[PDB]
$ cat upload_18.cif   # mmCIF, C-alpha atoms
data_coords
#
loop_
_atom_site.group_PDB
_atom_site.id
_atom_site.type_symbol
_atom_site.label_atom_id
_atom_site.label_comp_id
_atom_site.auth_asym_id
_atom_site.auth_seq_id
_atom_site.Cartn_x
_atom_site.Cartn_y
_atom_site.Cartn_z
ATOM 1 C CA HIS A 12 18.106 26.497 -12.732
ATOM 2 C CA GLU A 13 19.936 28.875 -15.019
ATOM 3 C CA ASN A 14 23.223 27.110 -15.800
ATOM 4 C CA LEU A 15 22.023 24.143 -17.857
ATOM 5 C CA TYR A 16 25.445 22.525 -18.073
ATOM 6 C CA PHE A 17 24.237 19.124 -19.389
ATOM 7 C CA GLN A 18 22.182 20.603 -22.267
ATOM 8 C CA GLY A 19 22.641 18.806 -25.627
ATOM 9 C CA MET A 20 24.712 16.078 -23.952
ATOM 10 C CA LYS A 21 23.795 12.376 -23.995
ATOM 11 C CA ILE A 22 23.996 11.559 -20.279
ATOM 12 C CA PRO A 23 22.544 8.784 -18.150
ATOM 13 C CA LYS A 24 19.417 9.228 -16.099
ATOM 14 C CA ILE A 25 19.813 9.143 -12.328
ATOM 15 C CA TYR A 26 16.956 8.428 -9.878
ATOM 16 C CA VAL A 27 17.149 9.214 -6.140
ATOM 17 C CA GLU A 28 14.946 7.615 -3.440
ATOM 18 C CA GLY A 29 12.058 9.671 -2.003
ATOM 19 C CA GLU A 30 12.876 12.861 -3.947
ATOM 20 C CA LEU A 31 9.215 13.566 -4.777
ATOM 21 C CA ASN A 32 8.902 15.452 -8.059
ATOM 22 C CA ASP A 33 7.233 15.250 -11.492
ATOM 23 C CA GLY A 34 10.220 13.345 -13.033
ATOM 24 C CA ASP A 35 10.293 9.718 -14.230
ATOM 25 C CA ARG A 36 10.241 7.101 -11.540
ATOM 26 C CA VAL A 37 11.541 3.668 -10.882
ATOM 27 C CA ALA A 38 10.042 1.332 -8.297
ATOM 28 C CA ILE A 39 12.534 -0.808 -6.342
ATOM 29 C CA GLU A 40 10.590 -3.894 -5.223
ATOM 30 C CA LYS A 41 11.239 -7.132 -3.262
ATOM 31 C CA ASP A 42 13.874 -5.665 -0.939
ATOM 32 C CA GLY A 43 16.003 -4.891 -4.055
ATOM 33 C CA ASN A 44 15.090 -7.906 -6.263
ATOM 34 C CA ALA A 45 12.708 -6.283 -8.785
ATOM 35 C CA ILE A 46 13.138 -3.042 -10.726
ATOM 36 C CA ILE A 47 10.203 -1.454 -12.492
ATOM 37 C CA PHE A 48 10.469 1.667 -14.584
ATOM 38 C CA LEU A 49 7.147 3.421 -14.259
ATOM 39 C CA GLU A 50 5.323 4.923 -17.212
ATOM 40 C CA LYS A 51 4.928 8.738 -17.132
ATOM 41 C CA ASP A 52 1.596 9.346 -15.337
ATOM 42 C CA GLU A 53 1.060 5.628 -14.363
ATOM 43 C CA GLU A 54 -0.479 5.405 -10.842
ATOM 44 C CA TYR A 55 1.787 3.270 -8.620
ATOM 45 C CA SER A 56 -0.188 1.221 -6.104
ATOM 46 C CA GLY A 57 2.662 -1.067 -4.960
ATOM 47 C CA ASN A 58 4.718 -1.068 -1.758
ATOM 48 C CA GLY A 59 8.323 -0.656 -2.914
ATOM 49 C CA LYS A 60 10.676 2.314 -2.871
ATOM 50 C CA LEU A 61 10.096 4.959 -5.509
ATOM 51 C CA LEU A 62 13.243 6.698 -6.822
ATOM 52 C CA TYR A 63 12.671 9.938 -8.793
ATOM 53 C CA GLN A 64 14.705 11.374 -11.639
ATOM 54 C CA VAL A 65 17.001 14.251 -10.723
ATOM 55 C CA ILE A 66 19.279 16.225 -13.112
ATOM 56 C CA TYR A 67 20.390 19.583 -11.640
ATOM 57 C CA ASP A 68 20.610 18.736 -7.950
ATOM 58 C CA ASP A 69 23.118 18.537 -5.076
ATOM 59 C CA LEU A 70 23.964 14.864 -4.315
ATOM 60 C CA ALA A 71 25.360 15.911 -0.893
ATOM 61 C CA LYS A 72 21.701 16.332 0.165
ATOM 62 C CA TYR A 73 21.355 12.566 -0.018
ATOM 63 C CA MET A 74 24.599 11.830 1.853
ATOM 64 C CA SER A 75 25.712 11.723 5.466
ATOM 65 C CA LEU A 76 29.465 12.413 5.319
ATOM 66 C CA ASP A 77 30.434 10.134 2.417
ATOM 67 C CA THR A 78 27.834 7.445 2.682
ATOM 68 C CA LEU A 79 24.604 7.624 0.653
ATOM 69 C CA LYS A 80 21.412 7.984 2.827
ATOM 70 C CA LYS A 81 19.076 7.339 -0.084
ATOM 71 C CA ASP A 82 19.010 4.627 -2.761
ATOM 72 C CA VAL A 83 20.221 5.712 -6.178
ATOM 73 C CA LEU A 84 19.691 4.164 -9.615
ATOM 74 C CA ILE A 85 21.540 5.032 -12.860
ATOM 75 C CA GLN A 86 19.962 4.202 -16.215
ATOM 76 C CA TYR A 87 22.530 4.379 -18.960
ATOM 77 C CA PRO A 88 22.020 5.965 -22.413
ATOM 78 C CA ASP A 89 22.374 2.559 -24.090
ATOM 79 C CA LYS A 90 18.825 1.722 -22.866
ATOM 80 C CA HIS A 91 19.914 -1.739 -21.700
ATOM 81 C CA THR A 92 22.063 -1.185 -18.599
ATOM 82 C CA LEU A 93 21.493 -0.032 -15.054
ATOM 83 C CA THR A 94 23.405 0.370 -11.773
ATOM 84 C CA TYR A 95 21.626 0.324 -8.397
ATOM 85 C CA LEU A 96 23.386 1.714 -5.346
ATOM 86 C CA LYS A 97 21.757 0.940 -1.968
ATOM 87 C CA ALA A 98 21.884 3.483 0.880
ATOM 88 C CA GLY A 99 25.090 2.920 2.873
ATOM 89 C CA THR A 100 27.191 2.988 -0.330
ATOM 90 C CA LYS A 101 30.406 4.948 0.290
ATOM 91 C CA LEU A 102 31.168 7.684 -2.311
ATOM 92 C CA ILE A 103 34.210 9.891 -2.775
ATOM 93 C CA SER A 104 33.627 13.563 -3.622
ATOM 94 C CA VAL A 105 36.127 15.253 -6.009
ATOM 95 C CA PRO A 106 35.650 19.067 -6.153
ATOM 96 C CA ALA A 107 36.677 21.172 -9.174
ATOM 97 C CA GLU A 108 37.109 24.755 -7.949
ATOM 98 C CA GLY A 109 38.934 27.677 -9.588
ATOM 99 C CA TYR A 110 38.591 31.025 -11.401
ATOM 100 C CA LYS A 111 37.257 29.215 -14.413
ATOM 101 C CA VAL A 112 36.461 25.493 -14.387
ATOM 102 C CA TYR A 113 36.173 23.082 -17.362
ATOM 103 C CA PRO A 114 34.568 19.846 -16.195
ATOM 104 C CA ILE A 115 33.571 16.676 -18.042
ATOM 105 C CA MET A 116 29.833 17.264 -18.438
ATOM 106 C CA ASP A 117 28.795 13.648 -17.908
ATOM 107 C CA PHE A 118 28.561 11.066 -15.177
ATOM 108 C CA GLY A 119 27.996 7.337 -15.004
ATOM 109 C CA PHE A 120 31.257 6.170 -16.548
ATOM 110 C CA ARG A 121 34.379 4.265 -15.585
ATOM 111 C CA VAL A 122 37.729 5.913 -14.945
ATOM 112 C CA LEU A 123 41.267 4.983 -13.927
ATOM 113 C CA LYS A 124 43.137 6.703 -11.058
ATOM 114 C CA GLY A 125 44.575 9.907 -12.527
ATOM 115 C CA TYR A 126 41.932 10.442 -15.228
ATOM 116 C CA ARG A 127 41.232 14.086 -15.785
ATOM 117 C CA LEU A 128 37.803 15.116 -14.540
ATOM 118 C CA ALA A 129 38.324 18.876 -14.862
ATOM 119 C CA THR A 130 40.722 21.629 -15.928
ATOM 120 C CA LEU A 131 40.977 24.708 -13.716
ATOM 121 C CA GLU A 132 42.036 27.942 -15.299
ATOM 122 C CA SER A 133 43.475 30.851 -13.350
ATOM 123 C CA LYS A 134 42.780 34.564 -14.029
ATOM 124 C CA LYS A 135 46.035 34.575 -16.060
ATOM 125 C CA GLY A 136 45.173 31.557 -18.258
ATOM 126 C CA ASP A 137 47.348 29.020 -16.447
ATOM 127 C CA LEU A 138 46.137 25.453 -15.984
ATOM 128 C CA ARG A 139 45.799 22.887 -13.141
ATOM 129 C CA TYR A 140 43.958 19.565 -13.303
ATOM 130 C CA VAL A 141 41.504 17.703 -11.167
ATOM 131 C CA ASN A 142 42.242 14.030 -11.529
ATOM 132 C CA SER A 143 40.346 11.050 -10.228
ATOM 133 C CA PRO A 144 41.869 10.017 -6.861
ATOM 134 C CA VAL A 145 40.958 6.363 -7.490
ATOM 135 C CA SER A 146 39.917 3.893 -10.157
ATOM 136 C CA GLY A 147 36.167 3.440 -10.118
ATOM 137 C CA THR A 148 32.996 4.906 -11.546
ATOM 138 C CA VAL A 149 31.870 8.530 -11.646
ATOM 139 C CA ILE A 150 28.323 8.288 -10.323
ATOM 140 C CA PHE A 151 27.210 11.894 -10.625
ATOM 141 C CA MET A 152 28.326 15.432 -11.154
ATOM 142 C CA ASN A 153 26.792 18.753 -10.000
ATOM 143 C CA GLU A 154 27.440 22.465 -9.593
ATOM 144 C CA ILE A 155 28.530 23.479 -6.064
ATOM 145 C CA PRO A 156 25.377 25.237 -4.764
ATOM 146 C CA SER A 157 27.052 28.488 -3.693
ATOM 147 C CA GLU A 158 29.866 28.619 -6.285
ATOM 148 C CA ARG A 159 28.575 29.425 -9.753
ATOM 149 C CA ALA A 160 30.258 27.290 -12.418
ATOM 150 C CA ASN A 161 32.394 25.330 -9.915
ATOM 151 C CA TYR A 162 31.595 21.603 -9.840
ATOM 152 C CA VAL A 163 31.969 18.417 -7.821
ATOM 153 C CA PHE A 164 32.222 14.804 -8.883
ATOM 154 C CA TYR A 165 30.879 11.860 -6.885
ATOM 155 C CA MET A 166 32.773 8.596 -7.298
ATOM 156 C CA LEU A 167 32.337 4.938 -6.311
ATOM 157 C CA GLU A 168 35.767 3.336 -5.821
ATOM 158 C CA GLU A 169 36.074 -0.055 -7.530
ATOM 159 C CA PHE B 17 45.984 -12.661 -12.055
ATOM 160 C CA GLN B 18 42.240 -12.638 -10.963
ATOM 161 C CA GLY B 19 39.672 -10.402 -12.623
ATOM 162 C CA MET B 20 36.279 -9.334 -11.261
ATOM 163 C CA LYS B 21 33.741 -11.725 -9.660
ATOM 164 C CA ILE B 22 32.080 -13.889 -12.382
ATOM 165 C CA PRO B 23 28.892 -12.508 -14.083
ATOM 166 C CA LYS B 24 25.526 -14.290 -14.017
ATOM 167 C CA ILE B 25 24.087 -14.872 -17.555
ATOM 168 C CA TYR B 26 20.368 -15.637 -18.108
ATOM 169 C CA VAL B 27 18.986 -16.733 -21.494
ATOM 170 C CA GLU B 28 15.394 -17.235 -22.743
ATOM 171 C CA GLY B 29 14.221 -20.729 -23.641
ATOM 172 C CA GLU B 30 16.842 -22.534 -21.540
ATOM 173 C CA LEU B 31 14.212 -24.190 -19.238
ATOM 174 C CA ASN B 32 16.517 -25.581 -16.481
ATOM 175 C CA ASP B 33 16.756 -25.854 -12.629
ATOM 176 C CA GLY B 34 18.719 -22.560 -12.288
ATOM 177 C CA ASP B 35 17.865 -19.079 -11.036
ATOM 178 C CA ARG B 36 15.319 -17.234 -13.156
ATOM 179 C CA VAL B 37 14.538 -13.619 -14.048
ATOM 180 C CA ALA B 38 11.207 -12.533 -15.516
ATOM 181 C CA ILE B 39 11.107 -9.733 -18.083
ATOM 182 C CA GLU B 40 7.785 -7.850 -18.120
ATOM 183 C CA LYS B 41 6.494 -4.495 -19.511
ATOM 184 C CA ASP B 42 8.558 -5.178 -22.657
ATOM 185 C CA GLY B 43 11.926 -4.561 -21.015
ATOM 186 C CA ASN B 44 10.864 -2.124 -18.224
ATOM 187 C CA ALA B 45 10.164 -4.619 -15.389
ATOM 188 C CA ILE B 46 12.892 -7.056 -14.242
ATOM 189 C CA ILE B 47 11.969 -9.538 -11.461
ATOM 190 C CA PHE B 48 14.621 -11.853 -10.020
ATOM 191 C CA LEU B 49 12.845 -14.974 -8.717
ATOM 192 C CA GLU B 50 14.085 -17.629 -6.241
ATOM 193 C CA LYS B 51 12.926 -21.272 -5.584
ATOM 194 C CA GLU B 54 6.730 -19.887 -8.460
ATOM 195 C CA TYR B 55 5.927 -17.321 -11.240
ATOM 196 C CA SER B 56 2.645 -17.022 -13.217
ATOM 197 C CA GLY B 57 3.025 -13.446 -14.497
ATOM 198 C CA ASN B 58 2.748 -12.263 -18.112
ATOM 199 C CA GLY B 59 6.483 -11.881 -18.735
ATOM 200 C CA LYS B 60 9.199 -13.931 -20.334
ATOM 201 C CA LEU B 61 11.485 -16.091 -18.197
ATOM 202 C CA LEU B 62 15.238 -16.087 -18.666
ATOM 203 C CA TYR B 63 17.013 -19.025 -17.006
ATOM 204 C CA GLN B 64 20.526 -18.997 -15.622
ATOM 205 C CA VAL B 65 23.099 -20.706 -17.801
ATOM 206 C CA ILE B 66 26.641 -21.883 -17.067
ATOM 207 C CA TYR B 67 29.020 -18.998 -17.832
ATOM 208 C CA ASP B 68 30.433 -19.128 -21.339
ATOM 209 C CA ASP B 69 31.161 -16.917 -24.336
ATOM 210 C CA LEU B 70 28.265 -14.579 -25.212
ATOM 211 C CA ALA B 71 28.852 -15.424 -28.902
ATOM 212 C CA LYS B 72 27.092 -18.787 -28.373
ATOM 213 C CA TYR B 73 23.874 -16.647 -28.248
ATOM 214 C CA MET B 74 24.623 -14.329 -31.234
ATOM 215 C CA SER B 75 24.451 -14.495 -35.068
ATOM 216 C CA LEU B 76 27.445 -12.439 -36.252
ATOM 217 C CA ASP B 77 27.053 -9.164 -34.232
ATOM 218 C CA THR B 78 23.409 -9.571 -33.161
ATOM 219 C CA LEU B 79 21.819 -11.450 -30.232
ATOM 220 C CA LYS B 80 19.647 -14.440 -31.298
ATOM 221 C CA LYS B 81 17.945 -14.770 -27.899
ATOM 222 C CA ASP B 82 16.899 -12.494 -25.047
ATOM 223 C CA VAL B 83 19.768 -12.324 -22.555
ATOM 224 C CA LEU B 84 20.334 -10.651 -19.177
ATOM 225 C CA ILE B 85 23.786 -10.247 -17.604
ATOM 226 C CA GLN B 86 24.183 -9.423 -13.872
ATOM 227 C CA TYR B 87 27.649 -8.227 -12.756
ATOM 228 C CA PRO B 88 27.542 -8.784 -8.989
ATOM 229 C CA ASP B 89 30.840 -7.047 -8.146
ATOM 230 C CA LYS B 90 29.446 -3.994 -10.096
ATOM 231 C CA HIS B 91 25.787 -3.779 -8.794
ATOM 232 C CA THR B 92 24.922 -3.546 -12.486
ATOM 233 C CA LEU B 93 22.797 -5.492 -14.955
ATOM 234 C CA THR B 94 22.165 -5.306 -18.679
ATOM 235 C CA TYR B 95 19.143 -6.656 -20.581
ATOM 236 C CA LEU B 96 19.734 -7.534 -24.209
ATOM 237 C CA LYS B 97 16.566 -8.314 -26.148
ATOM 238 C CA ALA B 98 16.897 -10.610 -29.146
ATOM 239 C CA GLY B 99 17.968 -8.482 -32.105
ATOM 240 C CA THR B 100 20.324 -6.228 -30.058
ATOM 241 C CA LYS B 101 23.505 -5.379 -32.005
ATOM 242 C CA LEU B 102 26.893 -5.270 -30.303
ATOM 243 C CA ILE B 103 30.200 -4.008 -31.551
ATOM 244 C CA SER B 104 33.346 -6.050 -31.317
ATOM 245 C CA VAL B 105 36.654 -4.572 -30.259
ATOM 246 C CA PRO B 106 39.388 -7.139 -30.812
ATOM 247 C CA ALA B 107 42.617 -7.009 -28.842
ATOM 248 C CA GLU B 108 45.196 -8.877 -30.944
ATOM 249 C CA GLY B 109 48.952 -8.828 -30.973
ATOM 250 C CA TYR B 110 52.192 -10.578 -30.286
ATOM 251 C CA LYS B 111 51.273 -10.175 -26.605
ATOM 252 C CA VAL B 112 48.022 -8.794 -25.298
ATOM 253 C CA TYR B 113 47.402 -7.360 -21.835
ATOM 254 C CA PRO B 114 43.691 -6.757 -21.498
ATOM 255 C CA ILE B 115 41.805 -5.109 -18.625
ATOM 256 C CA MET B 116 40.288 -7.790 -16.363
ATOM 257 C CA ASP B 117 36.764 -6.427 -15.815
ATOM 258 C CA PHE B 118 33.714 -5.296 -17.695
ATOM 259 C CA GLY B 119 30.011 -4.455 -17.073
ATOM 260 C CA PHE B 120 30.303 -0.681 -16.993
ATOM 261 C CA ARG B 121 29.868 2.397 -19.163
ATOM 262 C CA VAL B 122 32.985 3.994 -20.656
ATOM 263 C CA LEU B 123 33.485 7.192 -22.647
ATOM 264 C CA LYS B 124 35.319 6.976 -25.952
ATOM 265 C CA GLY B 125 39.047 6.405 -25.506
ATOM 266 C CA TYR B 126 38.969 4.249 -22.381
ATOM 267 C CA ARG B 127 41.789 1.715 -22.532
ATOM 268 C CA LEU B 128 40.640 -1.909 -22.932
ATOM 269 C CA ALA B 129 44.036 -3.477 -23.740
ATOM 270 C CA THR B 130 47.722 -2.891 -24.194
ATOM 271 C CA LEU B 131 49.192 -4.674 -27.255
ATOM 272 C CA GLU B 132 52.935 -5.403 -27.221
ATOM 273 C CA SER B 133 55.070 -6.202 -30.252
ATOM 274 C CA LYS B 134 57.813 -8.858 -30.436
ATOM 275 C CA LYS B 135 60.329 -5.980 -29.886
ATOM 276 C CA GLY B 136 58.384 -4.728 -26.850
ATOM 277 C CA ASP B 137 56.780 -1.607 -28.352
ATOM 278 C CA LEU B 138 53.286 -0.739 -27.126
ATOM 279 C CA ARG B 139 49.930 0.087 -28.785
ATOM 280 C CA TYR B 140 46.594 0.550 -27.059
ATOM 281 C CA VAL B 141 43.141 -0.744 -27.840
ATOM 282 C CA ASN B 142 40.742 1.935 -26.718
ATOM 283 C CA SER B 143 36.964 2.165 -26.679
ATOM 284 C CA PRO B 144 36.004 3.424 -30.186
ATOM 285 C CA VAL B 145 32.706 4.838 -28.929
ATOM 286 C CA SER B 146 31.052 5.865 -25.679
ATOM 287 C CA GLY B 147 28.893 2.961 -24.589
ATOM 288 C CA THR B 148 28.806 -0.043 -22.307
ATOM 289 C CA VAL B 149 31.454 -2.729 -22.131
ATOM 290 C CA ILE B 150 29.187 -5.759 -21.503
ATOM 291 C CA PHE B 151 31.456 -8.689 -22.131
ATOM 292 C CA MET B 152 34.975 -9.897 -22.921
ATOM 293 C CA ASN B 153 36.481 -13.294 -23.624
ATOM 294 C CA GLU B 154 39.571 -14.949 -25.056
ATOM 295 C CA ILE B 155 39.253 -15.265 -28.880
ATOM 296 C CA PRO B 156 38.575 -19.005 -29.346
ATOM 297 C CA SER B 157 41.392 -20.075 -31.726
ATOM 298 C CA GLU B 158 43.816 -17.381 -30.628
ATOM 299 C CA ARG B 159 45.261 -18.007 -27.179
ATOM 300 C CA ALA B 160 45.923 -14.956 -25.077
ATOM 301 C CA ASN B 161 44.049 -12.751 -27.599
ATOM 302 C CA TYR B 162 40.794 -11.143 -26.538
ATOM 303 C CA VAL B 163 37.542 -9.587 -27.806
ATOM 304 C CA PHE B 164 35.454 -6.942 -25.988
ATOM 305 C CA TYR B 165 31.760 -6.567 -26.796
ATOM 306 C CA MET B 166 30.136 -3.146 -26.436
ATOM 307 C CA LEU B 167 26.733 -1.499 -26.585
ATOM 308 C CA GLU B 168 26.924 1.699 -28.633
ATOM 309 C CA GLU B 169 24.776 4.406 -27.036
#

$ encode --input "upload_18.cif" --output "structure tokens"
Amino acid sequence: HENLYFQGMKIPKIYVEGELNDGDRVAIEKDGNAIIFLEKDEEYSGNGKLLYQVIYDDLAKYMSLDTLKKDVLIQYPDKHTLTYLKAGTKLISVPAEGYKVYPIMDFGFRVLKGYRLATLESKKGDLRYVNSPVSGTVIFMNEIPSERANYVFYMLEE
Amino acid sequence: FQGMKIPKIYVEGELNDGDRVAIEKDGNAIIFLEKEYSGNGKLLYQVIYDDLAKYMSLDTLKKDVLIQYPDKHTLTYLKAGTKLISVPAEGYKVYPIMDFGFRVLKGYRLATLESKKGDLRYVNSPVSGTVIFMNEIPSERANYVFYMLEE
């Protein structure tokens, strides 16, 4: 990854089910009733679902249409709060596409319908806005894989 | 009108017949139990929903507390000693938001204040953080206080 668009930003940590990598992990136990954040390098011997930390990734990989195929967990920067979204959770995608795009470089926060997620600037310097289509929570944000510096927001309607 | 579904609050030391949550690995393991636990954690017992201030000394928690927001699929664990910030919503008339248990960026509107002449002012989130609780201010009817976690 070359465009490190979250660098020097305090953002939440997001963990996706079965995305095997060397990131931090969280074990979802007891059919959703226990959450265990695993120590870096701790050997997990249990039988729950392991969710792995992703940062620069395409959330559409974990979605069939607009429903999540994999469990997702968000660990907020406060270091006290978490949100756990089971597979089957319906998410709204809000793309921010234009000549030049200025997105909010964050995710995991509440918004009202109409909140401005991005500003789109034309080759002539004129502006358009990408506003939240609903009130809810922005769950994640990523660069559109084939469109350098164009982004998409993933939202959970309230 | 109605707000969000009512949160579940669990507090340490309140040995009762309610639902329990065990806190292990010093914050990093949270186990909701139903109906026999002998682990090495600390049990938090469900309490009847009430102001969070009944478990704080000024701005700081006095006991380990966990809040589960079922509408929101979200929980927060507040170890004893955790400091919260208060955002009062006070005015001739106050129109607060009717939900909490979510992260907000700075500037998110928590209340509209209205003067006796009908002019408006807004109480916004002063910091980015988590809105974990809100209640009516005890001696001030129809006035409210939001409690946040600064991140």

$ interface_residues --input "upload_18.cif" --of "chain B" --to "chain A" --cutoff "8 Å" --atoms "only C-alpha atoms" --output "number ranges by chain"
B: 44-49, 90-96, 120-123, 126, 147-148, 167-169

$ write_last_selection --input "upload_18.cif" --atoms "C-alpha atoms" --output "CSV table (one decimal), in the coordinates of the input"
chain,number,residue,atom,x,y,z
B,44,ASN,CA,10.9,-2.1,-18.2
B,45,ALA,CA,10.2,-4.6,-15.4
B,46,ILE,CA,12.9,-7.1,-14.2
B,47,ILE,CA,12.0,-9.5,-11.5
B,48,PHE,CA,14.6,-11.9,-10.0
B,49,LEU,CA,12.8,-15.0,-8.7
B,90,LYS,CA,29.4,-4.0,-10.1
B,91,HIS,CA,25.8,-3.8,-8.8
B,92,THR,CA,24.9,-3.5,-12.5
B,93,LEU,CA,22.8,-5.5,-15.0
B,94,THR,CA,22.2,-5.3,-18.7
B,95,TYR,CA,19.1,-6.7,-20.6
B,96,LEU,CA,19.7,-7.5,-24.2
B,120,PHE,CA,30.3,-0.7,-17.0
B,121,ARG,CA,29.9,2.4,-19.2
B,122,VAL,CA,33.0,4.0,-20.7
B,123,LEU,CA,33.5,7.2,-22.6
B,126,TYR,CA,39.0,4.2,-22.4
B,147,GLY,CA,28.9,3.0,-24.6
B,148,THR,CA,28.8,0.0,-22.3
B,167,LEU,CA,26.7,-1.5,-26.6
B,168,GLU,CA,26.9,1.7,-28.6
B,169,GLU,CA,24.8,4.4,-27.0

$ resolve_selection --input "upload_18.cif" --expression "the PyMOL selection byres ((chain A and resi 128-131) around 10)" --output "NGL selection string"
:A and (105-117 or 122 or 125-127 or 132-133 or 136-143 or 149 or 161-164)

$ closest_residue --input "upload_18.cif" --among "A:54, A:30, A:68, A:42" --to "residue 15 in chain A" --atoms "all atoms listed in the file"
A:68

$ atom_distance --input "upload_18.cif" --atom1 "CA of residue 141 in chain B" --atom2 "CA of residue 150 in chain A"
24.7 Å

$ resolve_selection --input "upload_18.cif" --expression "the PyMOL selection byres ((chain B and resi 51) around 12)" --output "PyMOL selection string"
chain B and resi 33-37+48-50+54-55

$ atom_distance --input "upload_18.cif" --atom1 "CA of residue 83 in chain A" --atom2 "CA of residue 59 in chain B"
25.6 Å
